Amino acid sequence: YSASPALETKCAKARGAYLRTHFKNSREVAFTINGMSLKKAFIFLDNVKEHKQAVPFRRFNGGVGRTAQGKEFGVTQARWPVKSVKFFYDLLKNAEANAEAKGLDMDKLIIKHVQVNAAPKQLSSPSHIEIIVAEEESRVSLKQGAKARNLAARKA
Amino acid sequence: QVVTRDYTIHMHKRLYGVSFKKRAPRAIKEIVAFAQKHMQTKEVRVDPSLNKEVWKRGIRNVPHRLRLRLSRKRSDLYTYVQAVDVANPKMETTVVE
Amino acid sequence: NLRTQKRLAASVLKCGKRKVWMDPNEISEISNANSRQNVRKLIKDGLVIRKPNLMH
RNA sequence: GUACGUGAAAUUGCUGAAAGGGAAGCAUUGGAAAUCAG
RNA sequence: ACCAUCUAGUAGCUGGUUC
RNA sequence: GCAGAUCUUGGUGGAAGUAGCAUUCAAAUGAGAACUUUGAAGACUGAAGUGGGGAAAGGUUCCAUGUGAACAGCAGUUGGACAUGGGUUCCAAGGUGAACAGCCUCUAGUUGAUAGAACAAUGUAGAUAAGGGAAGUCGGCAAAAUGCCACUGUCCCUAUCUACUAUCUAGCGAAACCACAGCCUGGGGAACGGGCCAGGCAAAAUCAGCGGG
RNA sequence: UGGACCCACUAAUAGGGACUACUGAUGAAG
RNA sequence: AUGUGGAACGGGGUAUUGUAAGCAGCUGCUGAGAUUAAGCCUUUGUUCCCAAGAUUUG
RNA sequence: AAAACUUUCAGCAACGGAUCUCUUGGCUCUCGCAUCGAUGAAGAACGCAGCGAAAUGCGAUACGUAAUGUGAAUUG
């Protein structure tokens, strides 16, 4: 994968390729849900699916409508792409299952790494998606040294 | 929890200025929305006969006030919504035994 | 889906698709029958009801 | 790993670092941080 | 009207022409 | 031996997530239902039909079963799509009425066109307007008055009301164009400019209008 | 200034030049 | 986040319209009846709801 | 005077298919030979395999039969 983590010590992995979702919306959802606790991310995705929270649009923010639900992230522009969230929800189900398989502690899991890459254009622009969940945790010169020696004797 | 309360609705204030072609749909929308705000539940179930008296007078003509009965029946907790007919629809909310 | 069953029932009863009515609690029984004789047997048993002509 | 030898650039994403008050890029001189070399 | 050959045409010019 | 030829072929960008694209309830199926199906209502087409058939043309699209895609510019469990087998111009109800007119129906058929939320600036379409009745405009342009006189929001002077676009949301999603960029004043022989000079100055990210440049 | 050089009103109806900005709306931050 | 709390109805007031069916002999019950907040006022009326969840905060 | 945003740098992953290596191919040159058809040519169509859709092979004897040679396969 992309990052030096995914060591089997305290990690679990999941990925998706050629997922039929827009690249830019998937990127914005990935950026937002990065670093959150795993169970915390789930309800947040449930909130976005049910319009009780919105994912900020930061890089691909062209023409987004301003909403009051983008206030928690400090931005003025927010949107609720539900297709990409459903793709992310399924991916997190699989990553959660892989965590079960390896045998971690699921209560303290965090989204350590998530990255969306462009896929062979087929037109739509598919997106490769990958998720990592894991756990948290001179010298002394002759004159300088001689002065150090004299001051050492001075204190005593 | 399981309770049956007979309610009455003032649709005319709720349908004031609503587009004629959308008078009937928004009505049904409002009843279910009303149901949540009084039953504290999110999902409901509407008697198909109830919709019959909703559409008796067409799509744009809905009676100003209607009498309804809400029952918090246990799910398979849903709210079955039934039409209640009285000579005059102007009485206070009652708790049907 | 009971489009095939509805078409067979309409042909058997010689009535239009509007005149054909089915019991809401007999979907499995109606879908199981696929033969004309089975449709006639279901009609005789009362599974399918032909709606009479209304008004003029 | 059949989207299969090698896998470049344009181009995109993530991490790390740094800079930014109506541009930037470049050159000379040094400072700072990193990193070498005798 | 189109097609293929003659054709790599008439070029007195336009543009480009590599450490 | 390449930086150029509005070079050739292939690949990739910004523009840009931008421009843009009459049903309701309940039940069943199904991972998944606003689009599948069933029951009910709303309706719509309406015997010169969105009915029942044929000719020309098509060729298996017919039928049942099955469904990861692809296709049905949303969706899809459904499909003239995919797979597997199987299979050989004619007719013209009732009422109104002169009428095969229009309108409502009768028998039959459709609920399909991305959808949701609101209603603000603009625009399109449509109405009413006190008092004056061509003063607007080169002008009876367009409506109004019927199917010199008279009428009229053309105007004085606009106001209000309705639908749609419009905006926002879920989905789908371009292209032109592109050396690099984008505050202003004066000066730079010219052409004075967006870069130079001298100043004024200068604090992220954006949303909607006006298009001045 | 209002009407076809005119004919009135009027205090008077003088003579001339010519992506960014603009208008509103949010907004992170010492 | 439990109170002259909030909501849903209902009553009263104010309004718009112009006297509802039926009965009795055009008349009387009938300034009736209907609508009344959707950008009207008020409520000892009846009922319910709330003594929450998530996030960001030196 | 943070974060986001933009830009630059490096690591990693995408995207793309350059580079390198190869090769039952092409191109060029030389040499040799003379052989279509009414006894139905060249070409076309339809068929023929156990399962082939592909290319060749073949003609109802149909991816061939007879004869000779080799000697023990065919192949997903």
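Data block above holds the structure.
Residues numbered from 1 in each chain as written, not as in the entry; some residues may be left out. Chains lettered and ligands numbered in written order. Part of a larger assembly, values for the part shown. Heavy atoms only, no water. Residues with missing side-chain atoms left out of burial classes, pairs and counts.

Participant: I keep staring at the sheet that holds strand β4 (residues 110–118) of chain A and nothing clicks. Help me out?
Facilitator: Adjacent strands of a sheet form backbone hydrogen bonds with each other and so pair up, either parallel or antiparallel. All names here are of chain A. Strand order in the open sheet made by the three strands is β1-β5-β4, with antiparallel pairing throughout. Only two strands of the sheet have a single neighbouring strand rather than two, namely β1 (12–19) and β4. Ignoring strand direction, the axes of neighbouring strands in this sheet form an average angle of 10 degrees. Where β4 lies against strand β5 (residues 127–134), eight bridges are found, and the strand directions are antiparallel. When the sheet's bridge partners are listed, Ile110 is paired in β5 with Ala134. (Pairing = 2+ DSSP bridges. Helix = DSSP H or I, 4+ residues; strand = E, 2+ residues; numbered from the N terminus. Axes fitted to C-alpha atoms, helices over the stretch in contact; angles between N-to-C directions.)

Participant: Even after reading the chapter, I still don't get the packing of aromatic side chains, so can you show me in this structure?
Facilitator: Geometry of an aromatic ring pair is reported as the spacing of the ring centres plus the angle between the planes. All names here are of chain A. Ring geometry for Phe42 against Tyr89: centres 5.3 Å apart, planes inclined by 50 degrees, an arrangement best described as tilted. Here the residue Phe42 occupies a position in helix α2 (residues 38–49), and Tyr89 occupies one in helix α3 (residues 82–102), the gap between them amounting to 47 residues. Over the ring of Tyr89 we find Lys49, and its NZ or CZ is 5.5 Å from the ring centre. In this structure, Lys86 is placed above the aromatic ring of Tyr89, and the distance from its NZ or CZ to the ring centre is 5.6 Å. (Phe/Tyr/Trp six-rings, centres within 6.5 Å; stacked < 30°, edge-to-face > 60°. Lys NZ or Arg CZ within 6 Å of the ring centre and 35° of its normal.)

Participant: Even after reading the chapter, I still don't get the arrangement of the chains, so can you show me in this structure?
Facilitator: Contact between chain A and chain B is absent, and the minimum C-alpha spacing across the pair is 13 Å. Separated throughout, chain A and chain C approach each other most closely at a C-alpha pair spaced 29 Å apart. (Contact = heavy atoms within 4.5 Å.)

Participant: What should I look at first to understand the packing of α2 of chain A against α3 of chain A in this one?
Facilitator: When two helices pack together, their arrangement is given by the angle between the helix axes and by the axis-to-axis distance. Residues and elements named next belong to chain A. It is at 10 Å that the axes of α2 and α3 come closest, and there the two elements cross at 155 degrees. The angle between the axes of α2 and α3 places the two elements in the roughly antiparallel class. α2 and α3 meet at a crossing whose hand is left-handed. Each of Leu38, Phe42, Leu45, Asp46, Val48 and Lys49 in α2 lies in contact with α3, whose residues at this interface are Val82, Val85, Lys86, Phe88, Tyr89, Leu92, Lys93 and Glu96. Among the residues making up the contact of α2 with α3, the classes are represented as nine nonpolar, no polar and five charged. (Parallel < 35°, antiparallel > 145°, perpendicular 65-115°, else oblique. Left-handed = near helix turned anticlockwise from the far one by under 90°. Nonpolar A, V, L, I, M, F, W, Y, C, P; charged D, E, K, R; others polar.)

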